[PDB]
Amino acid sequence: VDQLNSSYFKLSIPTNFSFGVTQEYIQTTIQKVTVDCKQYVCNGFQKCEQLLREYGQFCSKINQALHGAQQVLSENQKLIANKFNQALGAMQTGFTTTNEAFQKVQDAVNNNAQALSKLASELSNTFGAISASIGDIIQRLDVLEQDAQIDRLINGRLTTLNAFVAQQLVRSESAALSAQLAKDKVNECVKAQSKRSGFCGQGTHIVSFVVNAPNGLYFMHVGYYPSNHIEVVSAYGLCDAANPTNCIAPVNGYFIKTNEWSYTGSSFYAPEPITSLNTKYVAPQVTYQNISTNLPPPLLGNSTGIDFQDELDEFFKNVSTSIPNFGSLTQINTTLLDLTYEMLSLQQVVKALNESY
Amino acid sequence: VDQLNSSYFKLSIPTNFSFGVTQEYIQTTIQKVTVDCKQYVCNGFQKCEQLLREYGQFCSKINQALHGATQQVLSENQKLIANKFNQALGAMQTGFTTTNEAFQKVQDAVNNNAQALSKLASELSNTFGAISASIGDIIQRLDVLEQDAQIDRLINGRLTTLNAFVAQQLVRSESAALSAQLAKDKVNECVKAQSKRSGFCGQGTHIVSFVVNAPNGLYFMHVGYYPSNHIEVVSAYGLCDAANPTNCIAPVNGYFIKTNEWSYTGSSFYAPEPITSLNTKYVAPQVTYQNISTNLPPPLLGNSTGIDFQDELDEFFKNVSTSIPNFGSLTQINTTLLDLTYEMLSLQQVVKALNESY
Amino acid sequence: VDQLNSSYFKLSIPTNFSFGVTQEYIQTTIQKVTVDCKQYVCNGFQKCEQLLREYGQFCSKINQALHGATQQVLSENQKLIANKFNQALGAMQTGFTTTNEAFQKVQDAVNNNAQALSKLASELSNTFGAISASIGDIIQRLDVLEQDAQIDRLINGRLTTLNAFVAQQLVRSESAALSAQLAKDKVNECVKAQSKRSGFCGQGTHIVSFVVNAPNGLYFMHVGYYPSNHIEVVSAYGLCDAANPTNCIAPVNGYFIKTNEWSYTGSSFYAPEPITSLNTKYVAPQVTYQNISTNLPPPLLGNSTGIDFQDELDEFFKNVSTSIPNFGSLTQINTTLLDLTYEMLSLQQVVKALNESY
Ligand SMILES: *[C@@H]1O[C@H](CO)[C@@H](O)[C@H](O)[C@H]1NC(C)=O
Ligand SMILES: *[C@@H]1O[C@H](CO)[C@@H](O)[C@H](O)[C@H]1NC(C)=O
Ligand SMILES: *[C@@H]1O[C@H](CO)[C@@H](O)[C@H](O)[C@H]1NC(C)=O
Ligand SMILES: *[C@@H]1O[C@H](CO)[C@@H](O)[C@H](O)[C@H]1NC(C)=O
Ligand SMILES: *[C@@H]1O[C@H](CO)[C@@H](O)[C@H](O)[C@H]1NC(C)=O
Ligand SMILES: *[C@@H]1O[C@H](CO)[C@@H](O)[C@H](O)[C@H]1NC(C)=O
Ligand SMILES: *[C@@H]1O[C@H](CO)[C@@H](O)[C@H](O)[C@H]1NC(C)=O
Ligand SMILES: *[C@@H]1O[C@H](CO)[C@@H](O)[C@H](O)[C@H]1NC(C)=O
Ligand SMILES: *[C@@H]1O[C@H](CO)[C@@H](O)[C@H](O)[C@H]1NC(C)=O
Ligand SMILES: *[C@@H]1O[C@H](CO)[C@@H](O)[C@H](O)[C@H]1NC(C)=O
Ligand SMILES: *[C@@H]1O[C@H](CO)[C@@H](O)[C@H](O)[C@H]1NC(C)=O
Ligand SMILES: *[C@@H]1O[C@H](CO)[C@@H](O)[C@H](O)[C@H]1NC(C)=O
Ligand SMILES: *[C@@H]1O[C@H](CO)[C@@H](O)[C@H](O)[C@H]1NC(C)=O
Ligand SMILES: *[C@@H]1O[C@H](CO)[C@@H](O)[C@H](O)[C@H]1NC(C)=O
Ligand SMILES: *[C@@H]1O[C@H](CO)[C@@H](O)[C@H](O)[C@H]1NC(C)=O
Ligand SMILES: *[C@@H]1O[C@H](CO)[C@@H](O)[C@H](O)[C@H]1NC(C)=O
């Protein structure tokens, strides 16, 4: 033919063979695994045990997936009497006011005192209650702060369980395909001679005893392998004719050119004339290309979709506490009633009165 | 034979073949990947870097899994005033004495009240500032706790995508690894030898197959003949031609066909040849043994999961309502307004009346 | 040859075959799955709806991975008392004047105390109400933070199961994809042609096969001959010059057997035929080359993990003990019991005695 390349392709046919023994262990066993989350995820600070209980039934589901695998003097007396009458009346009136005012003062100062006493007592109780509310808030705040770190670690260990459950899930299927290879070799090798090369020994198979082994079957295949390979120009196919019309194609062996064309088998360079036994008439060089390919996809780029900051900004609230200092004034500077020592000066007046006595 | 269906089965046997070239790339390479968790999970707000540090050694373990891949009387009048004077003078001292004692007593007490107002006020101011100190710190500590949680929810969210992406990189890696066994198999059963099995290197049979190394995997330009026009004939699942199944003949290396009586043929060509002991291995007397066998895989991701979130949340959730309390207080100090002390001015008027009266 | 074991190896060669039918379903379909994370992870208390929004694009990425799949003296007598009276009268006003000044001074001061008590009390009430406002809001904000965390633990709990279920749906999808290659392989090397290899379609060789499309995958009914009673004979791995080996004969297309001397036979039948150049490709002089090779996979999920939780928690954990404090206070406002003002009543008696005396 005249394919994409020239008719000439060069092949190495096998001149001599040597016997080859291959010992192979195809593994067919992976012990099933039970994940006890309270133990694997933690079992340490019991804070983890309680915290995991809130976490959920993750353990049940992960295990489901894995289980799948004279008269004037008298007038002077009257003058004294008039002075006395005025003085006596005045003394009582001033004293009467003194009595009224001091009496009024006593109730008022006492009223002030009770007021001071009551306010202080209530003040003490309110503050203690302020302490009670504030004290509990702090402890409740502390459990909330301490719990979070135990929460971040539990979540961290759980991220490793999901990845390890994935490794155990991928290892289990991988072994399962391996048992189909092992079933296949047992049927197409131990129980029969296998035409396909490379499926039990390099070169063809002349037997294949198998034995069971610790987790999987160990097969001691035995067969011949090629040793020295002769090389000859050969034709992809010989369209015998002057360019394409009707053509001959090698069947069971490449068509080779001696050192003209002569047929040979794949096993041995055994030149034999090209005859209708070795050829199935192929078409007139209808060489049909059929490109086909096999592919897989990779998705874990290191960066990820976006930077953390943009993602955090759409939902994050920077949140600044409106810290406040409760407003207060020390307006009660003093109540220093003073110079009451003038009462001592009034006492000096009493001393003059005592001297008058 | 008389199998589950009638002896008749219709087979299309090849009449003319045409040459065919397949160019095939079997991929045998996936770069191993290293996950830098501080960078993948963040490297952004450093809040993630500190927060992830508490998160743990998740990075180390995930990497292990991925790395796996009348003168006297006048005197008596004076004596009468003098007796009034004796009583009055004594009375004046006593009233003044009480006045001195009371005002003195009042001064110490009012001053005692003053210290009391002063001390309580000062202590009150200090306690409040401390109330502010404790309350102020609590709020800031509360704020870090609220702000940290959102950064914590996002870190967990990015980590959930890593476990799924480490799983895709783990599944892709084994999938390529089986693919290299196909590539090893084709290299051994195709490039290095002619392969009897059809469909393993070229449609139809194979007459050569040169491999070449390619960017990540081997590229094989296999060449072989493919069937082009297929003739069709009634054929028999194999039968002795005998009336009653005592023993029967089974086609070997080719189907048995009926011409337009029975004649043998190969799989490659409708080359009729008489049925002879060369083409047949004697099969048993119609012991047609059925053997149903099947291959299955399981689907587990139903959209809704085991239970609704609310029931799951209720068994452990506490609705939790803060027992908010307003500290109880009373404004009982309505007033201390001593008033009508103006009567002291009235007393002053009384003093004024007798001042200069003598 | 003289391989690791002795030349002798015992083989069972088929004597009679019986017809065998296998019905096989190779599954080639796994419906693709779309995960609605708001529904799967939550759908419940809308707290899980809003909280998940903080988690971010976990849903988008997981979906990408899954989508990948004497007359004068008398006047003087009274006058001398009157002279004392003149001082006494003036003194009485002077004492009263002090009384007026002091009581006036007291009034302003006691009123100064009154304002002090009133102002402090009012301010005290306002500050406390504000203490209640700040403390009250903190508690409610504390409550949302505690309540949100439990919804956060459960949402993160359900999200952990999604990562494992997305991994099972991802592993099932590739596993089906390899299965379609088996199905493509059987269709090309079985339904479209007779297959030399045993095992690909029917125990024993294959004499025809018909596929038929089935609910999710192809159901192939295959028919072929299968061996029934197998004769056993001593056979030789290979046969040499029956001496120190110079060159040897190796069975080709069939084992070499010893009768009850050596005689060749095919794999299909114990048909003894003399060893001849047709059945032997000359092998080398017992160059028996061993080539040990094996297939292995690795297991990583030991129950324990790298370290106990406590050590891991300790390196980063802060036990954190709240410095709870009780704001310091003193109840020093002892009763200001001004008392014994009853002496004012005693002073009143003094006035009464002289008012009567007048
Ligand atoms: C294959 O054929 C092309 C087209 O004639 C030719 O250019 C090329 O030299 C041939 N192959 C090689 C690599 O020699
Ligand atoms: C290969 O076979 C030939 C002919 O039997 C023989 O001359 C040669 O020694 C053998 N060995 C080698 C070197 O391949
Ligand atoms: C040569 O090939 C041509 C087509 O390029 C064809 O038409 C012609 O018949 C062929 N010649 C012969 C007789 O082989
Ligand atoms: C990491 O991501 C950056 C940006 O996509 C890229 O430049 C770099 O090559 C990536 N490395 C790997 C090995 O993925
Ligand atoms: C919050 O504000 C600070 C500056 O006070 C800034 O540095 C920080 O990045 C902000 N946080 C956010 C919104 O990421
Ligand atoms: C003061 O009064 C007392 C009691 O009436 C009296 O005994 C005494 O003599 C008086 N003293 C003077 C200074 O006259
Ligand atoms: C197939 O080959 C035969 C024999 O050469 C020939 O008679 C027949 O016409 C060919 N058919 C086609 C499709 O050319
Ligand atoms: C989702 O799961 C439910 C069972 O929980 C099932 O009935 C339904 O078909 C699934 N898909 C849809 C369409 O919601
Ligand atoms: C909490 O109580 C409110 C009001 O009764 C209710 O609407 C809400 O669903 C409850 N949350 C839960 C599930 O505890
Ligand atoms: C002041 O308030 C108290 C509260 O107990 C009340 O008993 C008292 O009568 C009030 N005084 C005035 C001035 O009304
Ligand atoms: C009375 O008081 C007035 C005003 O201070 C003064 O002018 C007068 O001298 C006083 N008289 C006597 C003697 O007390
Ligand atoms: C096998 O067939 C032979 C005749 O070919 C017969 O004698 C024998 O009974 C059959 N049974 C066995 C041993 O499989
Ligand atoms: C015979 O055996 C001896 C020792 O193994 C060895 O030196 C000699 O080459 C052998 N001859 C052959 C080829 O049989
Ligand atoms: C499981 O746990 C035990 C606890 O003693 C430990 O010794 C063992 O290594 C772990 N591995 C197994 C058997 O899964
Ligand atoms: C924290 O302190 C408590 C009380 O001392 C102790 O029992 C607990 O184990 C500590 N937790 C850790 C691991 O920090
Ligand atoms: C005061 O003196 C007056 C003089 O008329 C008299 O009526 C009154 O009863 C006296 N009061 C007392 C209690 O001394």
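Definitions and cut-offs
Numbers attached to residues count from 1 within each chain as its sequence is written and can disagree with those in the entry; no residue without coordinates is shown. Here the convention is simple: chains get letters from A, ligands get numbers from 1, in the order in which they are written. Calculation of side-chain values draws on the structure's entire complement of heavy atoms; hydrogens and water are dropped beforehand. Residues with missing side-chain atoms are left out of burial classes, side-chain pairs and their counts. Labels follow the DSSP assignment, with helices taken as runs of H or I lasting at least four residues and strands as runs of E lasting at least two, numbered in each case from the N terminus. Radius of gyration: over C-alpha atoms. The globule rule applied is 2.2 Å multiplied by the number of residues raised to the 0.38 power. Contacts: residue pairs with any heavy atoms within 4.5 Å of one another. Polar here means any residue other than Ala, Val, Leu, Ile, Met, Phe, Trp, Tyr, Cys and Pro, which are nonpolar, and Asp, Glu, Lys and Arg, which are charged; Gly is therefore polar. DSSP calls a pair of strands paired once it identifies at least 2 bridges connecting them. Here, the term disulfide refers to a pair of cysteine sulfur atoms separated by no more than 2.5 Å. The term salt bridge refers to a pairing of a side-chain nitrogen on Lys or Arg with a carboxyl oxygen on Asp or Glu at a separation within 4 Å.

Per the deposition metadata, cryo-EM was the technique used to determine this entry, at a resolution of 3.79 Å.

Chemist: Please set out the overall build of chain B residue by residue, giving values where relevant.
Modeler: On a plain count of helices and strands, chain B comes out with six helices and eight strands. Secondary structure elements in chain B, listed N-terminal to C-terminal, are β-α-α-α-α-β-β-β-β-β-β-β-α-α. For a compact globule of 358 residues, the expected C-alpha radius of gyration is about 21 Å, and chain B comes in at 58 Å, more than 25% above that figure. In terms of its C-alpha atoms, chain B occupies a principal-axis envelope of roughly 200 × 50 × 30 Å.

Chemist: So what's going on with the interface of chain A and chain B? Residues and values would help.
Modeler: Listed as interface residues are 118 residues of chain A and, on the opposing side, 117 residues of chain B. Elements with a minimum of two residues in the side of chain A that touches chain B: α4 (71-190), β4 (247-250), β7 (279-282), β8 (288-289), α5 (308-315) and α6 (342-356) of chain A. For the side of chain A that touches chain B, the leading source of residues is α4(A), giving 44 residues. The class makeup of the residues in the side of chain A that touches chain B is 56 nonpolar, 46 polar and 16 charged. Across two bridges, β8(A) lies against strand β1 (residues 8-27) of chain B in parallel orientation. For A:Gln289, the partnering residue across the bridge sits in β1(B) and is B:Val21.

Chemist: How would you explain the state of the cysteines if you had to name every residue and give the values?
Modeler: What we call a disulfide is simply a covalent bond connecting the sulfur atoms of a pair of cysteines. What pairs with A:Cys189 in a disulfide is A:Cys200, and their sulfur atoms sit 2.0 Å apart. Between A:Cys189 and A:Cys200 the sulfur-sulfur dihedral comes to about 110°; the bridge is accordingly right-handed. With A:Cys189 in helix α4 and A:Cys200 in the loop between α4 and β2 (207-212), the pair connects residues that are eleven residues apart, well separated along the chain. The disulfide partner of B:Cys190 is B:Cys201, and the gap between their sulfur atoms is 2.0 Å. Taking the torsion about the S-S bond as the criterion, the B:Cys190 to B:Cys201 disulfide, at about 100°, is right-handed. Of this pair, B:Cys190 sits in helix α4 (residues 71-191) while B:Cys201 sits in the loop between α4 and β2 (208-213); the two residues are eleven residues apart in sequence, bridging distant segments of the chain. Take the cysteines of chain B that form disulfides and number them in order along the sequence; they join up as 1-4, 2-3, 5-6, 7-8. Sequence-ordered numbering of the disulfide-bonded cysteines in chain A gives the connectivity 1-4, 2-3, 5-6, 7-8.

Chemist: So what's going on with the pattern of salt bridges? Which residues, and what values?
Modeler: Two side chains carrying opposite charge are able to pair once their charged atoms lie near each other. For the salt bridge of B:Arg141 with A:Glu145, the shortest nitrogen-to-oxygen distance reads 3.6 Å. Placement of the pair is B:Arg141 in helix α4 and A:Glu145 in helix α4, with the two residues belonging to separate chains. Between B:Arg197 and C:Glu189 there is a salt bridge, and its shortest N-O distance comes to 2.7 Å. Taken as a pair, B:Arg197 in the loop between α4 and β2 and C:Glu189 in helix α4 (residues 71-191) lie in two separate chains rather than in one. When salt bridges with common partners are traced through the structure, they connect A:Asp142, A:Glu145 and B:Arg141 into a single cluster.

Chemist: Talk me through the pairing of strand β1 (residues 8-27) of chain C; I want residue IDs and the actual numbers.
Modeler: Taken residue by residue, a regular strand's side chains alternate between the two faces of the sheet. Of the strand pairs in this sheet, strand β8 (residues 289-290) of chain B and β1(C) are connected by two bridges, and their pairing is parallel. From the neighbouring strand, B:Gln290 faces β1(C), where its bridge partner is C:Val21. Two elements, β1(C) and strand β3 (residues 217-236) of chain C, share 19 bridges in a ladder whose sense is antiparallel. If you follow C:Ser12 over to β3(C), its bridge partner there is C:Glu232.

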